[PDB]
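Next comes work.txt, a file with compact mmCIF, C-alpha atoms and all ligand atoms.
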```txt
# COMPACT_ATOMS: atom_id res chain seq x y z
CA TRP A 137 -20.69 30.68 108.83
CA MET A 138 -22.09 33.71 106.97
CA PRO A 139 -19.99 35.59 104.37
CA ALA A 140 -18.44 38.95 105.30
CA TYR A 141 -19.63 41.06 102.36
CA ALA A 142 -23.33 41.72 101.86
CA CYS A 143 -22.83 41.04 98.12
CA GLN A 144 -21.71 37.43 98.88
CA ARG A 145 -24.98 36.48 100.61
CA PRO A 146 -28.70 36.68 99.88
CA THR A 147 -30.64 39.20 101.94
CA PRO A 148 -34.38 38.73 101.45
CA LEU A 149 -37.09 41.35 101.66
CA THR A 150 -38.64 39.90 104.81
CA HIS A 151 -36.74 38.51 107.79
CA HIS A 152 -36.91 37.46 111.43
CA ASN A 153 -35.07 40.25 113.30
CA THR A 154 -36.89 43.46 112.41
CA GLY A 155 -36.91 44.94 115.93
CA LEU A 156 -33.19 44.42 116.31
CA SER A 157 -32.25 45.69 112.84
CA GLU A 158 -34.54 48.74 113.27
CA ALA A 159 -32.78 49.66 116.51
CA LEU A 160 -29.31 49.35 115.00
CA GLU A 161 -30.42 51.41 111.98
CA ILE A 162 -31.60 54.26 114.27
CA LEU A 163 -28.08 54.34 115.72
CA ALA A 164 -26.62 54.19 112.15
CA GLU A 165 -28.82 57.08 110.99
CA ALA A 166 -28.00 59.19 114.08
CA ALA A 167 -24.28 58.61 113.50
CA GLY A 168 -24.70 59.87 109.89
CA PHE A 169 -26.46 62.98 111.26
CA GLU A 170 -23.36 63.75 113.30
CA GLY A 171 -21.02 63.13 110.32
CA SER A 172 -19.74 59.90 111.93
CA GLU A 173 -19.40 57.84 108.75
CA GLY A 174 -17.38 54.96 110.26
CA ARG A 175 -19.99 54.41 112.98
CA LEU A 176 -22.84 54.64 110.41
CA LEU A 177 -21.28 51.90 108.27
CA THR A 178 -20.55 49.73 111.32
CA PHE A 179 -24.17 49.82 112.57
CA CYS A 180 -25.51 49.36 109.02
CA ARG A 181 -23.36 46.25 108.50
CA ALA A 182 -24.46 44.72 111.80
CA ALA A 183 -28.12 45.35 110.98
CA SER A 184 -27.53 43.74 107.56
CA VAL A 185 -26.16 40.57 109.20
CA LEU A 186 -29.39 40.17 111.22
CA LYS A 187 -31.45 40.54 108.01
CA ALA A 188 -29.59 37.59 106.47
CA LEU A 189 -30.13 35.19 109.42
CA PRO A 190 -32.57 32.32 108.85
CA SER A 191 -34.09 32.48 112.37
CA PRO A 192 -34.96 35.05 115.02
CA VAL A 193 -32.26 35.99 117.55
CA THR A 194 -33.91 35.02 120.88
CA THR A 195 -30.73 34.71 123.06
CA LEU A 196 -27.31 36.47 122.84
CA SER A 197 -25.62 33.07 122.41
CA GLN A 198 -27.00 33.22 118.81
CA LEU A 199 -24.56 36.06 117.88
CA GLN A 200 -21.56 33.66 117.95
CA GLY A 201 -19.51 33.36 114.76
CA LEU A 202 -21.12 36.34 112.96
CA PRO A 203 -19.01 38.98 111.17
CA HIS A 204 -19.50 42.74 111.67
CA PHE A 205 -20.86 42.24 115.23
CA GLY A 206 -18.57 44.25 117.47
CA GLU A 207 -19.09 45.12 121.12
CA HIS A 208 -21.39 48.14 120.64
CA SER A 209 -23.88 46.44 118.30
CA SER A 210 -23.82 43.33 120.56
CA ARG A 211 -24.66 45.42 123.66
CA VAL A 212 -27.63 46.99 121.88
CA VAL A 213 -29.04 43.57 120.98
CA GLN A 214 -28.32 42.26 124.50
CA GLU A 215 -30.28 45.11 126.12
CA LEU A 216 -33.21 44.55 123.73
CA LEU A 217 -33.34 40.80 124.52
CA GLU A 218 -32.98 41.23 128.29
CA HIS A 219 -35.05 44.41 128.81
CA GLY A 220 -37.28 44.87 125.72
CA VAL A 221 -35.69 48.29 125.17
CA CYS A 222 -32.22 49.86 124.66
CA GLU A 223 -31.65 53.09 126.62
CA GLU A 224 -29.23 54.56 124.05
CA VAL A 225 -31.75 54.02 121.21
CA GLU A 226 -34.59 55.51 123.27
CA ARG A 227 -32.48 58.57 124.11
CA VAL A 228 -31.71 59.08 120.38
CA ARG A 229 -35.43 58.70 119.47
CA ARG A 230 -36.43 61.32 121.96
CA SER A 231 -33.63 63.79 121.28
CA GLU A 232 -34.43 67.10 119.59
CA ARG A 233 -31.26 66.85 117.46
CA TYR A 234 -32.26 63.47 116.00
CA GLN A 235 -35.95 64.36 115.55
CA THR A 236 -35.07 67.63 113.80
CA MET A 237 -32.37 66.13 111.60
CA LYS A 238 -34.83 63.38 110.62
CA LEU A 239 -37.53 65.99 109.91
CA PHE A 240 -35.27 68.12 107.72
CA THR A 241 -33.33 65.41 105.87
CA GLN A 242 -36.60 63.73 104.87
CA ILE A 243 -37.64 66.78 102.86
CA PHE A 244 -37.02 66.61 99.10
CA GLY A 245 -33.67 68.22 98.25
CA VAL A 246 -32.28 68.39 101.83
CA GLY A 247 -29.18 66.42 102.84
CA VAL A 248 -27.34 66.07 106.12
CA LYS A 249 -25.13 69.11 105.64
CA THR A 250 -28.03 71.43 104.87
CA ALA A 251 -30.12 70.02 107.71
CA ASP A 252 -27.23 70.36 110.16
CA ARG A 253 -26.67 73.97 109.05
CA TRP A 254 -30.33 74.78 109.62
CA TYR A 255 -30.20 73.09 113.04
CA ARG A 256 -27.16 75.11 114.02
CA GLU A 257 -28.93 78.26 112.92
CA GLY A 258 -31.85 77.55 115.27
CA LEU A 259 -34.41 76.19 112.80
CA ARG A 260 -36.55 73.31 114.18
CA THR A 261 -39.88 73.02 112.38
CA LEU A 262 -41.30 73.04 108.90
CA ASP A 263 -42.98 76.35 109.70
CA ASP A 264 -39.57 77.75 110.65
CA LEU A 265 -38.32 76.85 107.17
CA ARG A 266 -41.39 78.44 105.53
CA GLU A 267 -40.70 81.63 107.48
CA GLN A 268 -37.22 81.81 105.81
CA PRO A 269 -37.87 81.15 102.14
CA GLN A 270 -34.63 82.85 101.16
CA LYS A 271 -32.82 79.90 102.81
CA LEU A 272 -34.49 77.39 100.47
CA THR A 273 -33.72 76.13 97.00
CA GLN A 274 -36.61 75.74 94.58
CA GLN A 275 -36.42 71.98 95.04
CA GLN A 276 -36.70 72.37 98.81
CA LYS A 277 -39.64 74.76 98.42
CA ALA A 278 -41.38 72.09 96.37
CA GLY A 279 -40.54 69.46 98.99
CA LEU A 280 -42.11 71.65 101.67
CA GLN A 281 -45.18 72.42 99.57
CA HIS A 282 -45.80 68.68 99.21
CA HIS A 283 -44.32 67.39 102.41
CA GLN A 284 -47.37 65.55 103.68
CA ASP A 285 -47.80 63.49 100.49
CA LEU A 286 -44.05 62.96 100.18
CA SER A 287 -43.88 61.41 103.68
CA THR A 288 -46.83 59.10 102.86
CA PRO A 289 -45.31 55.75 101.78
CA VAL A 290 -45.47 55.17 98.05
CA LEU A 291 -47.35 51.93 97.36
CA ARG A 292 -46.90 49.29 94.67
CA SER A 293 -50.29 50.39 93.23
CA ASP A 294 -48.92 53.94 92.85
CA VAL A 295 -45.81 52.53 91.16
CA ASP A 296 -47.87 50.56 88.65
CA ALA A 297 -49.93 53.64 87.74
CA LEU A 298 -46.77 55.75 87.38
CA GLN A 299 -45.02 53.14 85.29
CA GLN A 300 -48.00 53.15 82.89
CA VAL A 301 -47.90 56.92 82.31
CA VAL A 302 -44.11 56.92 81.96
CA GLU A 303 -44.20 53.96 79.57
CA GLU A 304 -46.95 55.66 77.52
CA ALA A 305 -44.99 58.90 77.32
CA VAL A 306 -41.73 57.11 76.45
CA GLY A 307 -43.44 54.94 73.77
CA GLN A 308 -45.12 57.95 72.15
CA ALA A 309 -41.89 59.99 72.13
CA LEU A 310 -39.77 57.16 70.74
CA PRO A 311 -41.02 53.73 69.70
CA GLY A 312 -38.47 51.08 70.78
CA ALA A 313 -37.38 53.02 73.89
CA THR A 314 -37.79 51.10 77.15
CA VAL A 315 -38.61 51.88 80.78
CA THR A 316 -37.27 49.73 83.62
CA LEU A 317 -38.42 50.02 87.21
CA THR A 318 -35.39 50.13 89.55
CA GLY A 319 -34.77 51.04 93.20
CA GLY A 320 -36.47 49.31 96.10
CA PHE A 321 -39.53 48.32 94.13
CA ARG A 322 -37.40 46.24 91.77
CA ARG A 323 -36.08 44.50 94.94
CA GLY A 324 -39.68 43.52 95.82
CA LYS A 325 -40.47 46.25 98.36
CA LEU A 326 -44.15 46.87 98.97
CA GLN A 327 -43.56 50.52 99.80
CA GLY A 328 -40.98 53.27 99.37
CA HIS A 329 -40.08 56.95 99.43
CA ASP A 330 -39.89 57.45 95.66
CA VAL A 331 -40.07 55.58 92.35
CA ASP A 332 -36.96 55.04 90.18
CA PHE A 333 -37.09 54.44 86.41
CA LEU A 334 -34.21 53.79 84.00
CA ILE A 335 -34.81 54.65 80.34
CA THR A 336 -32.75 53.50 77.35
CA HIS A 337 -33.01 52.48 73.68
CA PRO A 338 -31.34 49.42 72.03
CA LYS A 339 -29.49 51.58 69.43
CA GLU A 340 -26.78 53.66 71.16
CA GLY A 341 -27.53 57.39 70.67
CA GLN A 342 -31.25 57.03 69.92
CA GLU A 343 -31.87 57.97 73.60
CA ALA A 344 -30.53 61.51 72.91
CA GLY A 345 -33.16 64.22 73.55
CA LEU A 346 -35.69 61.64 74.70
CA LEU A 347 -36.13 62.79 78.30
CA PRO A 348 -37.24 66.38 77.52
CA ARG A 349 -39.81 64.94 75.10
CA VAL A 350 -41.09 62.53 77.75
CA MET A 351 -41.31 65.40 80.24
CA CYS A 352 -43.22 67.62 77.81
CA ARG A 353 -45.81 64.86 77.30
CA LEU A 354 -46.18 64.26 81.04
CA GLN A 355 -46.41 67.99 81.79
CA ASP A 356 -49.12 68.45 79.15
CA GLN A 357 -51.21 65.76 80.90
CA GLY A 358 -51.12 67.64 84.21
CA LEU A 359 -48.99 64.93 85.81
CA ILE A 360 -45.99 67.05 86.83
CA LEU A 361 -45.81 69.27 89.91
CA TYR A 362 -42.06 69.79 89.88
CA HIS A 363 -39.33 68.97 87.41
CA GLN A 364 -35.60 69.66 87.48
CA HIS A 365 -33.81 68.44 84.35
CA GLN A 366 -30.04 68.09 84.46
CA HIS A 367 -27.77 67.11 81.57
CA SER A 368 -25.08 66.15 84.14
CA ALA A 384 -23.43 62.18 85.02
CA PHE A 385 -26.45 60.41 83.41
CA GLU A 386 -29.14 62.69 82.07
CA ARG A 387 -31.88 62.75 84.72
CA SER A 388 -35.02 64.47 85.79
CA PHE A 389 -35.86 64.84 89.50
CA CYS A 390 -39.63 65.04 89.67
CA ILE A 391 -42.72 65.31 91.78
CA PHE A 392 -45.65 63.73 89.96
CA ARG A 393 -49.34 64.51 90.61
CA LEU A 394 -50.78 61.00 90.77
CA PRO A 395 -54.58 60.92 90.26
CA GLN A 396 -56.41 58.75 92.78
CA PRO A 397 -60.08 57.93 93.23
CA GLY A 410 -61.59 61.38 94.31
CA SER A 411 -58.28 63.20 94.90
CA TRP A 412 -54.55 63.02 94.06
CA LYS A 413 -51.18 62.68 95.66
CA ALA A 414 -47.74 63.97 95.07
CA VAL A 415 -45.08 61.29 94.49
CA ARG A 416 -41.35 61.60 93.97
CA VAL A 417 -40.10 60.06 90.76
CA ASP A 418 -36.55 59.94 89.35
CA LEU A 419 -36.11 59.38 85.65
CA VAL A 420 -32.63 58.38 84.56
CA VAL A 421 -31.48 57.91 80.96
CA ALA A 422 -28.54 55.58 80.27
CA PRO A 423 -27.01 54.74 76.90
CA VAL A 424 -27.54 51.02 76.30
CA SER A 425 -23.82 50.21 76.64
CA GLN A 426 -23.96 51.44 80.28
CA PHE A 427 -27.44 50.11 81.04
CA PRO A 428 -26.40 46.94 83.01
CA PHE A 429 -24.15 49.06 85.26
CA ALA A 430 -26.86 51.67 85.72
CA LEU A 431 -29.47 49.03 86.50
CA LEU A 432 -27.15 47.34 89.01
CA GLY A 433 -26.29 50.64 90.67
CA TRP A 434 -29.83 52.02 90.79
CA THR A 435 -31.37 48.78 92.07
CA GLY A 436 -29.49 48.99 95.38
CA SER A 437 -29.87 48.54 98.22
CA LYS A 438 -27.51 51.44 99.08
CA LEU A 439 -25.59 49.17 101.47
CA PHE A 440 -25.56 46.30 98.96
CA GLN A 441 -23.97 48.56 96.32
CA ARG A 442 -21.46 50.05 98.76
CA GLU A 443 -20.46 46.50 99.69
CA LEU A 444 -20.32 45.39 96.06
CA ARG A 445 -18.03 48.32 95.20
CA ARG A 446 -15.81 47.69 98.20
CA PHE A 447 -15.62 44.02 97.27
CA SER A 448 -14.73 44.96 93.68
CA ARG A 449 -11.90 47.32 94.71
CA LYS A 450 -10.48 45.41 97.68
CA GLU A 451 -10.86 41.79 96.51
CA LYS A 452 -10.68 42.14 92.70
CA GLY A 453 -8.75 45.42 92.06
CA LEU A 454 -11.55 46.83 89.88
CA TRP A 455 -13.47 50.08 90.27
CA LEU A 456 -17.23 49.62 89.91
CA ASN A 457 -19.75 52.43 89.50
CA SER A 458 -23.09 53.12 87.74
CA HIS A 459 -21.30 53.59 84.38
CA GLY A 460 -18.82 50.78 84.17
CA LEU A 461 -16.23 48.46 85.64
CA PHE A 462 -12.72 49.82 85.27
CA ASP A 463 -9.38 48.04 85.66
CA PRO A 464 -7.09 50.88 86.87
CA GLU A 465 -3.89 48.93 86.09
CA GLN A 466 -4.83 48.03 82.52
CA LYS A 467 -6.91 51.09 81.85
CA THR A 468 -9.78 48.97 80.48
CA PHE A 469 -13.58 48.91 80.77
CA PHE A 470 -15.57 45.66 81.03
CA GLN A 471 -18.25 45.09 78.37
CA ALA A 472 -21.43 43.83 80.08
CA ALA A 473 -24.74 42.86 78.46
CA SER A 474 -26.45 42.13 81.80
CA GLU A 475 -26.11 42.29 85.56
CA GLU A 476 -25.26 38.57 85.48
CA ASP A 477 -22.16 39.37 83.35
CA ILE A 478 -20.98 41.83 86.03
CA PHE A 479 -21.47 39.39 88.95
CA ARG A 480 -19.68 36.65 86.95
CA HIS A 481 -16.77 38.96 86.03
CA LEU A 482 -16.36 39.79 89.76
CA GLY A 483 -16.39 36.10 90.80
CA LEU A 484 -19.68 36.38 92.68
CA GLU A 485 -22.72 34.12 92.57
CA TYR A 486 -25.55 36.02 90.96
CA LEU A 487 -28.10 37.54 93.31
CA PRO A 488 -31.46 38.57 91.90
CA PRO A 489 -32.75 41.99 92.98
CA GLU A 490 -35.03 40.58 95.71
CA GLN A 491 -31.92 39.15 97.47
CA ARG A 492 -30.06 42.50 97.46
CA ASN A 493 -32.05 43.89 100.42
CA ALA A 494 -28.93 44.46 102.54
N1 LIG A 501 -25.02 54.09 91.27
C1 LIG A 501 -25.76 55.09 91.75
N2 LIG A 501 -26.82 54.70 92.46
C2 LIG A 501 -27.62 55.63 92.98
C3 LIG A 501 -27.36 57.05 92.79
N3 LIG A 501 -28.36 57.68 93.44
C4 LIG A 501 -29.17 56.73 94.00
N4 LIG A 501 -28.70 55.50 93.71
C5 LIG A 501 -29.19 54.14 94.04
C6 LIG A 501 -29.26 53.85 95.54
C7 LIG A 501 -30.67 53.35 95.77
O1 LIG A 501 -30.68 52.03 96.30
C8 LIG A 501 -31.36 53.37 94.42
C9 LIG A 501 -32.58 54.23 94.43
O2 LIG A 501 -32.35 55.18 95.46
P1 LIG A 501 -33.51 55.35 96.53
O3 LIG A 501 -33.14 56.48 97.45
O4 LIG A 501 -34.79 55.37 95.73
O5 LIG A 501 -33.46 53.96 97.36
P2 LIG A 501 -34.55 52.76 97.25
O6 LIG A 501 -35.50 53.01 96.11
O7 LIG A 501 -33.74 51.49 97.26
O8 LIG A 501 -35.37 52.86 98.64
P3 LIG A 501 -36.74 53.70 98.84
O9 LIG A 501 -37.77 52.67 99.21
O10 LIG A 501 -36.98 54.35 97.50
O11 LIG A 501 -36.40 54.66 99.95
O12 LIG A 501 -30.48 53.95 93.47
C10 LIG A 501 -26.16 57.39 91.98
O13 LIG A 501 -25.84 58.58 91.75
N5 LIG A 501 -25.42 56.37 91.51
MG MG A 502 -36.44 54.40 95.35
```
Turn this file's structure into structure tokens for me.
Ligand SMILES: Nc1nc2c(ncn2[C@H]2C[C@H](O)[C@@H](COP(=O)(O)OP(=O)(O)OP(=O)(O)O)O2)c(=O)[nH]1
Ligand SMILES: [Mg+2]
Amino acid sequence: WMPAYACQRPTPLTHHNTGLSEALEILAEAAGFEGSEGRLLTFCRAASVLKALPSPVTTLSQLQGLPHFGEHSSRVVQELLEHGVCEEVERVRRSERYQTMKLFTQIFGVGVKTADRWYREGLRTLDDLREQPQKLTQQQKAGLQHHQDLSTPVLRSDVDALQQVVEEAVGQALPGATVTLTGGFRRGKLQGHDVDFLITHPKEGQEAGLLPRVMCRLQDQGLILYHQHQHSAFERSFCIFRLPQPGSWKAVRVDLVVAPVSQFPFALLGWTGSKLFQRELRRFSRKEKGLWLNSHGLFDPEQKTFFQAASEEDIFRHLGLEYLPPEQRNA
């Protein structure tokens, strides 16, 4: 038996069912594009189960006794095993709606609702968007300007170089302040779409005004192509960095998040993901333990209290879960 919630089981970075999980995740993504949130979550959960299995699924008899494997997800896997291909998945892959929604939603600053609006309005290509600049936010204009680099996978080598410049800037602005790599790279991923850093300082309040100073330093080194600073709920800067490379450079998306140290463990847990892992952890918290978990805290709605955590381990323990290190949160 395998546990129901993704937060009750390890899900490693690498697994034995990548074809099958990829196919289910296409159907999940397509569901999300049509605003079908139930169906998205259902396909995502089924894919997550396959990622946690210790062996490849070679016959359909191997699906027995697994949670979150309803009829639809089972049929998809059956067709893949029997025929090498699933007609429904192939139809989605080839469909103009899916291809265009994927194209648009990938762009920096574009979500499903915006992409769907553009689709409905007859826009299909990146050139179409460039022909209608009045339809674009400044963030989206920047995403289009750099779209080729931003759809080139970010590599661990890029992350190391970025972490060095961010750490240098943070250390020069405020000795004692720290930078923690989060997101998929903290989970062990070799590649990604962006780089996530969480900044804090051990004395509560000493992080105030730090991010604009960090950004000034980075901007004055020529490292920033785009920056949008927002005070609000954590202070954050949504950035495109200009990463120097041997003979050239590439644009890379970087999010910088500042958390006061009291909230740091919650922020680190939240920002480390995976997105499905954290959704599952929050559902577990609410449904099984009666507590509301988010990136800022863990709230008991009946007692009107907040849990004091020094680490992620504290939070897992308080929720009655075995601790999972970040590399086992790849749900
Ligand atoms: N708690 C919380 N988490 C967030 C928020 N926004 C993003 N995250 C989480 C979900 C992600 O797993 C993680 C970083 O988001 P990403 O889109 O970078 O995902 P991740 O880095 O895991 O995959 P990637 O390889 O970058 O596509 O932070 C937020 O407002 N609150
Ligand atoms: Mg990331």
Write out, as JSON lines, each residue of chain A that has an atom at most 6 Å from ligand MG 502 (chain A), together with the closest pair of atoms and their distance in Å to one decimal, counting all atoms listed in the file, rows going by chain and rising number.
```
{"residue": "A:319", "atom": "CA", "partner": "A:MG502", "partner_atom": "MG", "distance": 4.3}
{"residue": "A:320", "atom": "CA", "partner": "A:MG502", "partner_atom": "MG", "distance": 5.1}
{"residue": "A:330", "atom": "CA", "partner": "A:MG502", "partner_atom": "MG", "distance": 4.6}
{"residue": "A:331", "atom": "CA", "partner": "A:MG502", "partner_atom": "MG", "distance": 4.9}
{"residue": "A:332", "atom": "CA", "partner": "A:MG502", "partner_atom": "MG", "distance": 5.2}
```
Report the centre and edge lengths, in Å to one decimal, of an axis-aligned box enclosing every atom of range 224-241 of chain A listed in the file, padded by 5 Å on each side, as lines of an AutoDock Vina configuration file.
```
center_x = -33.4
center_y = 61.1
center_z = 115.0
size_x = 18.3
size_y = 24.1
size_z = 28.2
```
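Atom pair CA of residue 246 in chain A / CA of residue 325 in chain A has a distance of 23.9 Å (rounded to one decimal).
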Figure out the distance between atom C9 of ligand LIG 501 (chain A) and CA of residue 477 in chain A, please, to one decimal in Å. 21.3 Å
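Take the candidates A:481, A:413, A:349, A:387 and check each one against ligand LIG 501 (chain A) using all atoms listed in the file; the shortest distance goes to A:387.
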For the interface of chain A with ligand LIG 501 (chain A) (cut-off 6 Å, counting all atoms listed in the file), please tabulate each contacting residue of chain A alongside its nearest pair of atoms and their separation in Å to one decimal, rows sorted by chain and increasing number, as a tab-separated table.
```
residue	atom	partner	partner_atom	distance
A:319	CA	A:LIG501	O6	3.6
A:320	CA	A:LIG501	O7	3.7
A:328	CA	A:LIG501	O9	3.3
A:329	CA	A:LIG501	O11	4.4
A:330	CA	A:LIG501	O10	4.6
A:332	CA	A:LIG501	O4	6.0
A:433	CA	A:LIG501	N1	3.7
A:434	CA	A:LIG501	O12	3.4
A:435	CA	A:LIG501	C8	5.2
A:436	CA	A:LIG501	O1	3.4
A:437	CA	A:LIG501	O1	4.1
A:438	CA	A:LIG501	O1	4.3
A:457	CA	A:LIG501	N1	5.8
A:458	CA	A:LIG501	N1	4.1
```
Exercise: residues within 8 Å of coordinate (-27.6, 43.0, 104.1), counting all atoms listed in the file, as a PDB file with C-alpha atoms, in the frame of the given file:
```pdb
ATOM      1  CA  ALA A 142     -23.330  41.720 101.860  1.00  0.00           C
ATOM      2  CA  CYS A 143     -22.830  41.040  98.120  1.00  0.00           C
ATOM      3  CA  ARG A 145     -24.980  36.480 100.610  1.00  0.00           C
ATOM      4  CA  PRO A 146     -28.700  36.680  99.880  1.00  0.00           C
ATOM      5  CA  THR A 147     -30.640  39.200 101.940  1.00  0.00           C
ATOM      6  CA  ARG A 181     -23.360  46.250 108.500  1.00  0.00           C
ATOM      7  CA  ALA A 183     -28.120  45.350 110.980  1.00  0.00           C
ATOM      8  CA  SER A 184     -27.530  43.740 107.560  1.00  0.00           C
ATOM      9  CA  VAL A 185     -26.160  40.570 109.200  1.00  0.00           C
ATOM     10  CA  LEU A 186     -29.390  40.170 111.220  1.00  0.00           C
ATOM     11  CA  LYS A 187     -31.450  40.540 108.010  1.00  0.00           C
ATOM     12  CA  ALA A 188     -29.590  37.590 106.470  1.00  0.00           C
ATOM     13  CA  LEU A 439     -25.590  49.170 101.470  1.00  0.00           C
ATOM     14  CA  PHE A 440     -25.560  46.300  98.960  1.00  0.00           C
ATOM     15  CA  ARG A 492     -30.060  42.500  97.460  1.00  0.00           C
ATOM     16  CA  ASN A 493     -32.050  43.890 100.420  1.00  0.00           C
ATOM     17  CA  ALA A 494     -28.930  44.460 102.540  1.00  0.00           C
TER      18      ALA A 494
END
```
Rounded to one decimal in Å, what is the spacing between CA of residue 424 in chain A and CA of residue 341 in chain A? 8.5 Å
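Excluding residue 490 in chain A and any residue on its chain fewer than 4 positions from it, the residues at most 7 Å away by all atoms listed in the file are residues 148, 149, 323 and 324 of chain A.
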Distance query 12 Å from (-38.1, 52.6, 72.6) using all atoms listed in the file, result as a VMD selection string: chain A and resid 302 to 316 335 to 344 346 to 347 350 421 424
Using only C-alpha atoms, pick whichever of A:276, A:200, A:396, A:284 has the shortest atom-to-atom distance to residue 298 in chain A. A:396
Can you sort out range 423-436 of chain A so it carries N, CA and C atoms, written as a PDB file, keeping the file's coordinate frame?
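Now in rebuild.pdb:
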```pdb
ATOM      1  N   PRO A 423     -27.251  55.384  78.200  1.00  0.00           N
ATOM      2  CA  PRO A 423     -27.010  54.740  76.900  1.00  0.00           C
ATOM      3  C   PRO A 423     -26.924  53.226  77.092  1.00  0.00           C
ATOM      4  N   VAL A 424     -27.381  52.468  76.107  1.00  0.00           N
ATOM      5  CA  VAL A 424     -27.540  51.020  76.300  1.00  0.00           C
ATOM      6  C   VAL A 424     -26.254  50.304  76.694  1.00  0.00           C
ATOM      7  N   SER A 425     -25.105  50.788  76.224  1.00  0.00           N
ATOM      8  CA  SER A 425     -23.820  50.210  76.640  1.00  0.00           C
ATOM      9  C   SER A 425     -23.585  50.247  78.166  1.00  0.00           C
ATOM     10  N   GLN A 426     -24.123  51.266  78.834  1.00  0.00           N
ATOM     11  CA  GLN A 426     -23.960  51.440  80.280  1.00  0.00           C
ATOM     12  C   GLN A 426     -25.136  50.911  81.074  1.00  0.00           C
ATOM     13  N   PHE A 427     -26.191  50.487  80.388  1.00  0.00           N
ATOM     14  CA  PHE A 427     -27.440  50.110  81.040  1.00  0.00           C
ATOM     15  C   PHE A 427     -27.265  49.074  82.179  1.00  0.00           C
ATOM     16  N   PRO A 428     -26.540  47.961  81.939  1.00  0.00           N
ATOM     17  CA  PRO A 428     -26.400  46.940  83.010  1.00  0.00           C
ATOM     18  C   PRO A 428     -25.780  47.504  84.305  1.00  0.00           C
ATOM     19  N   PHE A 429     -24.785  48.373  84.137  1.00  0.00           N
ATOM     20  CA  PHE A 429     -24.150  49.060  85.260  1.00  0.00           C
ATOM     21  C   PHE A 429     -25.080  50.032  85.957  1.00  0.00           C
ATOM     22  N   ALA A 430     -25.891  50.731  85.170  1.00  0.00           N
ATOM     23  CA  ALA A 430     -26.860  51.670  85.720  1.00  0.00           C
ATOM     24  C   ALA A 430     -27.950  50.921  86.468  1.00  0.00           C
ATOM     25  N   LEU A 431     -28.432  49.840  85.867  1.00  0.00           N
ATOM     26  CA  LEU A 431     -29.470  49.030  86.500  1.00  0.00           C
ATOM     27  C   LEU A 431     -28.952  48.443  87.816  1.00  0.00           C
ATOM     28  N   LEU A 432     -27.737  47.913  87.786  1.00  0.00           N
ATOM     29  CA  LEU A 432     -27.150  47.340  89.010  1.00  0.00           C
ATOM     30  C   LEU A 432     -27.036  48.401  90.108  1.00  0.00           C
ATOM     31  N   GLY A 433     -26.477  49.547  89.739  1.00  0.00           N
ATOM     32  CA  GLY A 433     -26.290  50.640  90.670  1.00  0.00           C
ATOM     33  C   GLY A 433     -27.588  51.161  91.261  1.00  0.00           C
ATOM     34  N   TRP A 434     -28.547  51.425  90.389  1.00  0.00           N
ATOM     35  CA  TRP A 434     -29.830  52.020  90.790  1.00  0.00           C
ATOM     36  C   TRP A 434     -30.792  51.055  91.498  1.00  0.00           C
ATOM     37  N   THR A 435     -30.520  49.770  91.426  1.00  0.00           N
ATOM     38  CA  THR A 435     -31.370  48.780  92.070  1.00  0.00           C
ATOM     39  C   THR A 435     -31.052  48.674  93.567  1.00  0.00           C
ATOM     40  N   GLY A 436     -29.821  48.965  93.959  1.00  0.00           N
ATOM     41  CA  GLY A 436     -29.490  48.990  95.380  1.00  0.00           C
ATOM     42  C   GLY A 436     -29.480  47.581  95.964  1.00  0.00           C
TER      43      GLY A 436
END
```
